[PDB]
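Everything on this sheet refers to the single structure shown next.
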Amino acid sequence: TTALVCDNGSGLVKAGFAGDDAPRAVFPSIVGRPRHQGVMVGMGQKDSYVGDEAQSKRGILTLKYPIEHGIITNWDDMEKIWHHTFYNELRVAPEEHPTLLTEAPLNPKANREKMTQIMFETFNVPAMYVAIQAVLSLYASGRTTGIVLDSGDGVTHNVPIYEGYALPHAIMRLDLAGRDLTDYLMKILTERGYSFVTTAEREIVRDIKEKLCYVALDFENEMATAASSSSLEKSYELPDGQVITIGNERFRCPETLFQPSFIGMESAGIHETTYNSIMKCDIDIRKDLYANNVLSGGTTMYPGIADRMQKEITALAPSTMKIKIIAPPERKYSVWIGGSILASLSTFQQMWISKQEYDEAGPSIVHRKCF
Amino acid sequence: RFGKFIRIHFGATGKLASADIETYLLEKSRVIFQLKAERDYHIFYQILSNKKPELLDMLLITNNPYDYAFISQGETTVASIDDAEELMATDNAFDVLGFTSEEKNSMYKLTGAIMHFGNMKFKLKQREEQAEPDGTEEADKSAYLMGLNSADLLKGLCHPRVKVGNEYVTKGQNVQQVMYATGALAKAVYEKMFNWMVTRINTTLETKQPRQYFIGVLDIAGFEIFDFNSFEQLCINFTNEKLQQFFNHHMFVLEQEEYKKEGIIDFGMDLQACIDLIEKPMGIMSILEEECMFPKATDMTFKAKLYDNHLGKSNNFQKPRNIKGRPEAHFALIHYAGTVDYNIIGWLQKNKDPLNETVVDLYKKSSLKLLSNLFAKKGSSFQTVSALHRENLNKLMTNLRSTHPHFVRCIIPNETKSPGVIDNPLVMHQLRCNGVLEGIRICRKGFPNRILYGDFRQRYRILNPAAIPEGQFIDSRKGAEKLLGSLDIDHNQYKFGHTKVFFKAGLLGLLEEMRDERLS
Amino acid sequence: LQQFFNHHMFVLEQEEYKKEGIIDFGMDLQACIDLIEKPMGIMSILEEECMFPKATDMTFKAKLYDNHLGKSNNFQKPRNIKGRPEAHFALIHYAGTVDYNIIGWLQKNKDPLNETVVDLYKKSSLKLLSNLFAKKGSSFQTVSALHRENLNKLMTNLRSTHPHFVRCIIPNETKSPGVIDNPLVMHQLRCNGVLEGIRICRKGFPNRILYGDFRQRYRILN
Ligand SMILES: Nc1ncnc2c1ncn2[C@@H]1O[C@H](COP(=O)(O)OP(=O)(O)O)[C@@H](O)[C@H]1O
Ligand SMILES: [Mg+2]
């Protein structure tokens, strides 16, 4: 048989078979109810638009994300996301297919257990597994060691692994991620004059975020440049017209990753929670972690975050120590691709939570010897 | 290295119609990885020969097997073979056959197109991982030889573009994965070219008579046991292992048919465990396949994992004894030939077949034969020589389970084409390597002594007769029951039937030790 | 036509059973016709599906699944066995589960009779002048609608008569002696409706034996 390496995601959902390069089904995890009435009779529109079908009908929908910050907050939506994932995007019944889910570190126990209940009871998967979203991005990156920075769309967690042993205590989890950056770019495009309050244009400004934004190498020098020069004023075409010219709001959205004091987050940036995650480890394995710092996640695909990250983490580390960042150009899907390595291993066959192993011990089987 | 399969197709009532060939298991690693006591396929050596200078001007070849990286890991040449004789074979077969004259240029274009792949450096970028070719002289010569573009080949090898959802994204690579790509494309295009050539010869060999119900004849390499059993040798050994597995079941159905006619565990199980060690998941081919997928798994880690999974867990798997100064032995499998060691070192490099997809697209775009040659998914980036060995061997099996075998063995006397100076180590070794001693010993577990009742009375009534000679006055079943009722032989030694009587291996010499007491 | 057979058997079997003193069978077929003939049925949904501005065949299957998946017992999801190309909905007729392919029904359903070209057909000097010589559907009359009307006219022609059925089957592909291939006869057993009239009489009493016939042969029993 073949195992499906699913990925719940937080703004995109990717699902493909174990044994592929890239996932066969990548779409945003949205569920839209239609707000307006519909005067045309006999149209037969559904009560719930899910997935990429709801990305083409955005101006009529109330788009909702069932995964706010890692956690699933509405399970009746997430069941529709999975049902649309298996039946429409992949067109395979999960009765004869194992399923690899990927859940972030430090989630609630009830989230992982409830996810296992929804997989075994409703979909009747024969054997599913729940794997940690930062370790798979260490499989795909081809490193046995090194702190990995999985800055997802939903949540940003800085897991260290040395010689295949993850360090549980040093794992740092930060709520600030791509969703909150998109909310901050909604906050600072109002500073220019372009209002975005409706969630349907949440997908518009995020697309701005995909194209225009970049992590600047310095901040006060680039704020000294964009306030006087006009070389950074880059325009963008909305889907109706009224092209907008973003100047200093371009490198100011992704800087909130490195200055969480912009949005009132107490913590340090992910250039220092990486350093506090390395200093939390023992003082002899740090040398491989400073060399093997991995970046993954969609939020890490800004142009120039690998140089600003290296500049700040070099400014915090001892200067006699080599700093290297392994960031292959598939940063976004690296959580999936190692999953396609994970379920394809023959030694992983013992790791599946079987249904016979499930029904004997209920939903709390996930935190036992099988993970 | 490969297997032949010549179907002489017939008509409806046994009239010779046609013939076709479909060759199996052309060895990819043989193209790329050559042992120093081994050689490549002959075509590269033919072009390296000065027999035809127009190919040497044509293919930009430096007249030297030692120079090229594919042809220097192994042996350049040995005795009793001549490279110009090899080209003398190929230009004779290439001058006249069913094809046209341009493909004679094209096959050589593809072989010399393989040759310029591996010499490329693919230097790592500074403070990066993506391997950039800066030494681009030899892959430029390749791109002139194939017909591909010069820059597009280098960008495609350096940055393979894949399809995610709807939109393409590129990945990077490191120097290692791009070396496995530039070997993997060469072994893939060589095996697909050779299978293509088998179809091109098939176009000549097929005649328009109605082809029905073939009596086809397969040839294959022998189950060979060297001092350097490697994954190449595993690709021979498990193939002939599965063929022997078909023999054991095929003997068992026939022996079952005679024993059910006469009224008197399966033998394939005797081999099955070894295939259980090799074919099944959590088996040595599977552990070798998944061992590649890890980030930092070397061959020492692979042997550590095999010892973790199978040392004592499976009865076939056992630690290798090294006798007489073998160089190194890492695990031993007692096959049907016996304890057979293996060498782990270098299996992870030769197992890989990452088919670089965008370079296959550029292979399609090039104006050559290759446009016609290279025209739930599985393993776009992780497909291995063991996996295609598994699939091709299963396809040969399901081709073979639809037929009815008639085995032929064939052995060499010794090194010299000679009169009776046969050297018994060679015949004793090819006794076990051909599986002959296995079918010798499988029939011994039943009753091989198949003697007819009147045949037991015309020859072995002399052993313990009555006071009267033979005469043919008692029915031969009772005429042998009269014999065995006075031979002082217990019931567990023989089994009585209807048409014949059978005896255990070790009784028709007991039918003469007391007969020589009668003939004393 | 099979619906006319079930009622026509039921009146005759009713006549013998009322002579001897001993649900209708057409209802056994009626639900399928209920799925097809009645409004909010598959022919009606196919007819009104054309009238929408942007209704493709995928929208039509979405509407059929909206209206009849579970609502009607005949309508059911199509299983695909043995590599059929594509199956979009299945109706268990009297022959059993019968799949269908939606794709392209909206193009072939339409019959917009262009009126001024029919006027020019009248004006032309040919046979067509004699051929083509509350209103309904000037621009929207469909093949399903004229099928419905012609089938109803054949029905009211047929309800004014008294049937006497003849079945007729082919042995196999070859005009041949006794090499009859049983898949063909088992398939045309159900496709001709023969197995239906076989099984409809089984729900009553088919064993019609006379008393003296029960005594000349089966008094031997006891
Ligand atoms: N090329 C890009 N440049 C900048 N930001 C990007 C880019 N691609 C994606 N993003 C941002 O990253 C997020 C999507 O990344 P992804 O890793 O798929 O998230 P998730 O893992 O939660 O699905 C979005 O918020 C998106 O705006
Ligand atoms: Mg992610």
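Residue names in the structure tokens use chain letters A, B, ... in the order shown, residue numbers from 1 in each chain, and ligand numbers from 1 in the order shown.
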Shell of 6 Å around ligand 1 (only C-alpha atoms and all ligand atoms), written as JSON, numbers by chain: {"A": [9, 10, 11, 12, 13, 152, 153, 154, 178, 179, 206, 209, 210, 211, 297, 298, 299, 301, 302, 332]}
Only N, CA, C and O atoms, please: the residues just picked out, written as an mmCIF file, in the first residue's frame.
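Final output, saved to result-v5.cif:
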data_model
loop_
_atom_site.group_PDB
_atom_site.id
_atom_site.type_symbol
_atom_site.label_atom_id
_atom_site.label_comp_id
_atom_site.auth_asym_id
_atom_site.auth_seq_id
_atom_site.Cartn_x
_atom_site.Cartn_y
_atom_site.Cartn_z
ATOM 1 N N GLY A 9 -1.607 22.075 8.043
ATOM 2 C CA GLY A 9 -1.283 23.411 7.589
ATOM 3 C C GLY A 9 -1.961 24.536 8.352
ATOM 4 O O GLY A 9 -2.724 24.324 9.293
ATOM 5 N N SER A 10 -1.659 25.760 7.958
ATOM 6 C CA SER A 10 -2.287 26.912 8.567
ATOM 7 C C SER A 10 -2.369 28.003 7.521
ATOM 8 O O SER A 10 -1.700 29.020 7.628
ATOM 9 N N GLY A 11 -3.210 27.806 6.519
ATOM 10 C CA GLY A 11 -3.333 28.765 5.438
ATOM 11 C C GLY A 11 -3.122 28.087 4.100
ATOM 12 O O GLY A 11 -3.438 28.644 3.058
ATOM 13 N N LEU A 12 -2.550 26.892 4.135
ATOM 14 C CA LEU A 12 -2.378 26.077 2.948
ATOM 15 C C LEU A 12 -2.455 24.642 3.421
ATOM 16 O O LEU A 12 -2.021 24.335 4.516
ATOM 17 N N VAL A 13 -3.016 23.758 2.618
ATOM 18 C CA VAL A 13 -3.085 22.367 3.010
ATOM 19 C C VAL A 13 -2.439 21.572 1.912
ATOM 20 O O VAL A 13 -2.810 21.709 0.759
ATOM 21 N N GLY A 152 6.023 28.467 10.281
ATOM 22 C CA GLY A 152 4.809 28.208 9.539
ATOM 23 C C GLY A 152 3.983 29.460 9.318
ATOM 24 O O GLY A 152 4.321 30.564 9.741
ATOM 25 N N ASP A 153 2.878 29.282 8.597
ATOM 26 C CA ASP A 153 1.918 30.368 8.457
ATOM 27 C C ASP A 153 1.212 30.621 9.783
ATOM 28 O O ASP A 153 0.915 31.767 10.132
ATOM 29 N N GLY A 154 0.960 29.565 10.545
ATOM 30 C CA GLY A 154 0.279 29.689 11.813
ATOM 31 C C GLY A 154 1.160 29.939 13.015
ATOM 32 O O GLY A 154 0.847 30.810 13.829
ATOM 33 N N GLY A 178 3.166 33.867 9.996
ATOM 34 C CA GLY A 178 2.688 34.501 8.775
ATOM 35 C C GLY A 178 1.292 35.088 8.877
ATOM 36 O O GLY A 178 0.992 36.098 8.238
ATOM 37 N N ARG A 179 0.416 34.457 9.658
ATOM 38 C CA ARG A 179 -0.937 34.979 9.821
ATOM 39 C C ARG A 179 -0.917 36.326 10.527
ATOM 40 O O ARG A 179 -1.603 37.273 10.118
ATOM 41 N N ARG A 206 -2.193 39.221 1.650
ATOM 42 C CA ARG A 206 -1.251 38.112 1.746
ATOM 43 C C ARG A 206 -0.529 37.907 0.427
ATOM 44 O O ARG A 206 0.681 37.651 0.414
ATOM 45 N N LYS A 209 2.014 40.317 0.308
ATOM 46 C CA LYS A 209 3.056 39.770 1.160
ATOM 47 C C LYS A 209 3.890 38.729 0.433
ATOM 48 O O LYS A 209 5.094 38.608 0.678
ATOM 49 N N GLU A 210 3.272 37.977 -0.476
ATOM 50 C CA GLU A 210 4.043 36.989 -1.210
ATOM 51 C C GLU A 210 4.953 37.657 -2.227
ATOM 52 O O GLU A 210 6.066 37.183 -2.476
ATOM 53 N N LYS A 211 4.505 38.761 -2.818
ATOM 54 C CA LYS A 211 5.264 39.336 -3.920
ATOM 55 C C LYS A 211 6.242 40.403 -3.445
ATOM 56 O O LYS A 211 7.437 40.349 -3.751
ATOM 57 N N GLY A 297 9.472 26.420 6.259
ATOM 58 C CA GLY A 297 8.203 27.091 6.456
ATOM 59 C C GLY A 297 8.016 28.144 5.384
ATOM 60 O O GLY A 297 8.988 28.702 4.862
ATOM 61 N N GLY A 298 6.755 28.389 5.031
ATOM 62 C CA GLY A 298 6.443 29.385 4.017
ATOM 63 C C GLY A 298 6.891 30.784 4.388
ATOM 64 O O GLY A 298 7.367 31.538 3.532
ATOM 65 N N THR A 299 6.764 31.139 5.675
ATOM 66 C CA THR A 299 7.113 32.480 6.140
ATOM 67 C C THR A 299 8.602 32.759 5.977
ATOM 68 O O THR A 299 8.999 33.895 5.702
ATOM 69 N N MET A 301 10.228 32.263 3.310
ATOM 70 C CA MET A 301 10.662 32.465 1.933
ATOM 71 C C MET A 301 10.778 33.932 1.536
ATOM 72 O O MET A 301 10.569 34.253 0.361
ATOM 73 N N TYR A 302 11.096 34.835 2.459
ATOM 74 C CA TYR A 302 11.321 36.208 2.038
ATOM 75 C C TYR A 302 12.676 36.327 1.348
ATOM 76 O O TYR A 302 13.610 35.593 1.674
ATOM 77 N N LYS A 332 9.078 26.093 1.802
ATOM 78 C CA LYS A 332 7.665 25.998 2.157
ATOM 79 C C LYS A 332 7.232 24.551 2.309
ATOM 80 O O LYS A 332 6.550 24.192 3.274
#
In stretch 96-302 of chain A, DSSP strand (DSSP E) residues written as an MDAnalysis selection string: chainID A and resid 99:103 127:132 148:151 156:159 161:162 165:166 173:174 234:236 244:246 293:296
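The coordinates place atom CA of residue C:31 at 17.2 Å from atom CA of residue C:10.
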Taking the chain letters and numbering used in this document, name the residues of stretch 90-198 of chain C that DSSP puts in helix (DSSP H, G or I), as a PyMOL selection string. chain C and resi 105-109+115-123+128-131+143-158+182-191+194-198
Give me the residues near stretch 165-180 of chain C as a ChimeraX atom specification, where near means some atom within 12 Å (using only C-alpha atoms) and where sequence neighbours in that chain fewer than 5 positions away do not count. /C:1-2,4-5,8-9,185-195,197
Distance cut-off 10 Å, counting only C-alpha atoms - which residues of chain C neighbour chain A? Return them as an MDAnalysis selection string. chainID C and resid 45 48:49 52:55 59:60 62:64 66:67
Let's have the selection written as a tab-separated table (two decimals), in the first residue's frame, with N, CA, C and O atoms.
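Dumped everything to again-v4.tsv:
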chain	number	residue	atom	x	y	z
C	45	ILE	N	-34.89	17.71	-14.51
C	45	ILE	CA	-33.71	18.45	-14.04
C	45	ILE	C	-32.74	18.69	-15.19
C	45	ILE	O	-32.12	19.76	-15.28
C	48	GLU	N	-34.49	21.69	-17.25
C	48	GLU	CA	-34.34	23.00	-16.64
C	48	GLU	C	-32.89	23.39	-16.41
C	48	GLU	O	-32.61	24.57	-16.17
C	49	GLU	N	-31.97	22.42	-16.42
C	49	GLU	CA	-30.56	22.73	-16.25
C	49	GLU	C	-30.03	23.55	-17.43
C	49	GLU	O	-29.10	24.34	-17.28
C	52	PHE	N	-30.47	27.76	-17.28
C	52	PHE	CA	-29.60	28.64	-16.51
C	52	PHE	C	-28.56	29.30	-17.39
C	52	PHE	O	-28.25	28.80	-18.48
C	53	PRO	N	-28.03	30.46	-16.99
C	53	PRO	CA	-26.97	31.10	-17.79
C	53	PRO	C	-25.68	30.31	-17.89
C	53	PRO	O	-25.17	30.09	-19.00
C	54	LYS	N	-25.12	29.89	-16.76
C	54	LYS	CA	-23.84	29.20	-16.74
C	54	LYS	C	-24.01	27.91	-15.94
C	54	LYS	O	-23.57	27.79	-14.80
C	55	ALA	N	-24.68	26.94	-16.55
C	55	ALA	CA	-24.86	25.63	-15.96
C	55	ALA	C	-24.18	24.62	-16.88
C	55	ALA	O	-24.69	24.32	-17.96
C	59	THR	N	-22.21	21.05	-12.93
C	59	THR	CA	-23.27	21.67	-12.15
C	59	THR	C	-24.54	20.83	-12.19
C	59	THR	O	-25.27	20.75	-11.19
C	60	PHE	N	-24.80	20.15	-13.31
C	60	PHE	CA	-25.96	19.27	-13.40
C	60	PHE	C	-25.83	18.06	-12.49
C	60	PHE	O	-26.81	17.67	-11.83
C	62	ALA	N	-24.00	17.97	-9.79
C	62	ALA	CA	-24.11	18.54	-8.45
C	62	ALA	C	-25.57	18.77	-8.06
C	62	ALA	O	-25.95	18.60	-6.90
C	63	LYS	N	-26.41	19.13	-9.04
C	63	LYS	CA	-27.82	19.34	-8.73
C	63	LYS	C	-28.56	18.02	-8.55
C	63	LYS	O	-29.45	17.93	-7.69
C	64	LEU	N	-28.24	17.00	-9.35
C	64	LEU	CA	-28.86	15.69	-9.16
C	64	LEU	C	-28.49	15.08	-7.82
C	64	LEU	O	-29.33	14.47	-7.15
C	66	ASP	N	-27.79	16.91	-5.31
C	66	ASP	CA	-28.48	17.74	-4.34
C	66	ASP	C	-29.93	17.29	-4.16
C	66	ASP	O	-30.46	17.33	-3.05
C	67	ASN	N	-30.57	16.85	-5.23
C	67	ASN	CA	-32.00	16.57	-5.15
C	67	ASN	C	-32.34	15.13	-4.83
C	67	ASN	O	-33.39	14.88	-4.22
Exercise answer, chain B residues close to chain A, 12 Å and only C-alpha atoms, as an MDAnalysis selection string: chainID B and resid 126:130 159:174 176:177 280:298 305:306 308:309 354:357 376:384
Within 8 Å of residue C:46, counting only C-alpha atoms, which residues show up once you throw out same-chain ones fewer than 2 positions away? Write them as a ChimeraX atom specification, please. /C:42-44,48-50,60,105-106,109
Could those selected residues go to a file with N, CA, C and O atoms, as a CSV table (one decimal), in the first residue's frame?
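The result, stored in part02.csv:
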chain,number,residue,atom,x,y,z
C,42,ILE,N,-35.1,13.3,-13.3
C,42,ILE,CA,-33.8,13.4,-13.9
C,42,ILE,C,-33.9,14.0,-15.3
C,42,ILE,O,-33.1,14.9,-15.8
C,43,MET,N,-35.0,13.6,-16.1
C,43,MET,CA,-35.3,14.3,-17.3
C,43,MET,C,-35.7,15.7,-17.2
C,43,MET,O,-35.3,16.6,-18.0
C,44,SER,N,-36.5,16.0,-16.1
C,44,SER,CA,-36.9,17.4,-15.8
C,44,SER,C,-35.8,18.2,-15.4
C,44,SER,O,-35.6,19.4,-15.8
C,48,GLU,N,-34.5,21.7,-17.3
C,48,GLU,CA,-34.3,23.0,-16.6
C,48,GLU,C,-32.9,23.4,-16.4
C,48,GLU,O,-32.6,24.6,-16.2
C,49,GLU,N,-32.0,22.4,-16.4
C,49,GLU,CA,-30.6,22.7,-16.3
C,49,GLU,C,-30.0,23.5,-17.4
C,49,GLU,O,-29.1,24.3,-17.3
C,50,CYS,N,-30.6,23.4,-18.6
C,50,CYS,CA,-30.2,24.1,-19.8
C,50,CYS,C,-30.6,25.6,-19.6
C,50,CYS,O,-29.9,26.5,-20.2
C,60,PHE,N,-24.8,20.1,-13.3
C,60,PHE,CA,-26.0,19.3,-13.4
C,60,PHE,C,-25.8,18.1,-12.5
C,60,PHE,O,-26.8,17.7,-11.8
C,105,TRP,N,-24.6,16.0,-21.9
C,105,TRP,CA,-26.1,15.9,-22.0
C,105,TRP,C,-26.7,17.2,-22.3
C,105,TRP,O,-27.8,17.3,-23.0
C,106,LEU,N,-26.1,18.3,-21.8
C,106,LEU,CA,-26.7,19.6,-22.0
C,106,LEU,C,-26.6,20.1,-23.5
C,106,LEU,O,-27.3,20.9,-23.9
C,109,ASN,N,-29.3,17.8,-25.4
C,109,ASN,CA,-30.6,17.9,-25.0
C,109,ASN,C,-31.4,18.9,-25.7
C,109,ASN,O,-32.6,18.9,-25.9
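Minimum atom-to-atom distances from A:232, A:278, A:50, A:136 to ligand 2 were compared using only C-alpha atoms and all ligand atoms, and the lowest value belongs to A:136.
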If we count only C-alpha atoms and set the cut-off at 7 Å, which residues sit around stretch 251-254 of chain A, ignoring sequence neighbours fewer than 5 positions away in its own chain? Please answer as a short mmCIF file (atom, residue, chain, number, x, y, z; two decimals) with N, CA and C atoms, in the first residue's frame.
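New file part-v4.cif:
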data_model
loop_
_atom_site.label_atom_id
_atom_site.label_comp_id
_atom_site.auth_asym_id
_atom_site.auth_seq_id
_atom_site.Cartn_x
_atom_site.Cartn_y
_atom_site.Cartn_z
N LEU A 181 1.67 38.35 10.75
CA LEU A 181 2.31 39.30 9.84
C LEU A 181 1.33 39.84 8.81
N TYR A 184 -0.64 42.35 10.46
CA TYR A 184 0.11 43.59 10.63
C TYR A 184 0.27 44.34 9.31
N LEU A 185 0.28 43.64 8.18
CA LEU A 185 0.33 44.36 6.92
C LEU A 185 -1.04 44.95 6.58
N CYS A 213 7.11 41.93 -0.26
CA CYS A 213 7.85 42.05 1.00
C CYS A 213 9.18 41.32 0.95
N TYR A 214 10.12 41.81 1.75
CA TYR A 214 11.46 41.24 1.85
C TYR A 214 12.03 41.63 3.20
N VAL A 215 12.85 40.76 3.77
CA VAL A 215 13.51 41.08 5.03
C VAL A 215 14.76 41.89 4.74
N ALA A 216 14.80 43.11 5.26
CA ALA A 216 15.92 44.00 4.99
C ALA A 216 17.13 43.62 5.83
#
Tell me, counting only C-alpha atoms, for each residue of stretch 122-231 of chain B within 10 Å of stretch 42-65 of chain B, which pair of atoms is nearest and how far apart they are in Å to one decimal, in rows ordered by chain and increasing number, as CSV.
residue,atom,partner,partner_atom,distance
B:138,CA,B:60,CA,9.5
B:141,CA,B:60,CA,7.1
B:142,CA,B:59,CA,8.7
B:144,CA,B:59,CA,9.0
B:145,CA,B:59,CA,6.4
B:146,CA,B:59,CA,9.7
Selected residues, N, CA, C and O atoms, written as a short mmCIF file (atom, residue, chain, number, x, y, z; two decimals), in the first residue's frame, please.
data_model
loop_
_atom_site.label_atom_id
_atom_site.label_comp_id
_atom_site.auth_asym_id
_atom_site.auth_seq_id
_atom_site.Cartn_x
_atom_site.Cartn_y
_atom_site.Cartn_z
N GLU B 138 33.39 19.99 -20.75
CA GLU B 138 33.05 18.62 -21.10
C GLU B 138 31.54 18.41 -21.24
O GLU B 138 31.11 17.70 -22.16
N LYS B 141 30.66 19.69 -24.55
CA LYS B 141 30.87 18.67 -25.56
C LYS B 141 29.75 17.64 -25.55
O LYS B 141 29.38 17.12 -26.61
N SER B 142 29.20 17.34 -24.36
CA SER B 142 28.04 16.46 -24.29
C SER B 142 26.85 17.09 -25.00
O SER B 142 26.24 16.46 -25.87
N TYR B 144 26.82 19.28 -27.27
CA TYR B 144 27.00 19.19 -28.71
C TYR B 144 26.73 17.78 -29.23
O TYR B 144 26.21 17.62 -30.34
N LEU B 145 27.06 16.75 -28.44
CA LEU B 145 26.88 15.38 -28.93
C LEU B 145 25.42 14.94 -28.93
O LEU B 145 24.95 14.33 -29.90
N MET B 146 24.68 15.22 -27.84
CA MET B 146 23.27 14.85 -27.78
C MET B 146 22.45 15.63 -28.79
O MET B 146 21.73 15.05 -29.62
#
If we count only C-alpha atoms, what is near residue C:102 at a cut-off of 9 Å, once residues fewer than 6 positions away on the same chain are taken out, given as number ranges by chain? C: 57-58, 60-61, 87-89
Neighbouring residues of stretch 359-372 of chain B were defined as those with any atom within 8 Å, considering only C-alpha atoms; residues of the same chain fewer than 6 positions away were excluded. Please report them as a ChimeraX atom specification. /B:103,106,146-149,152-153,156-157,160
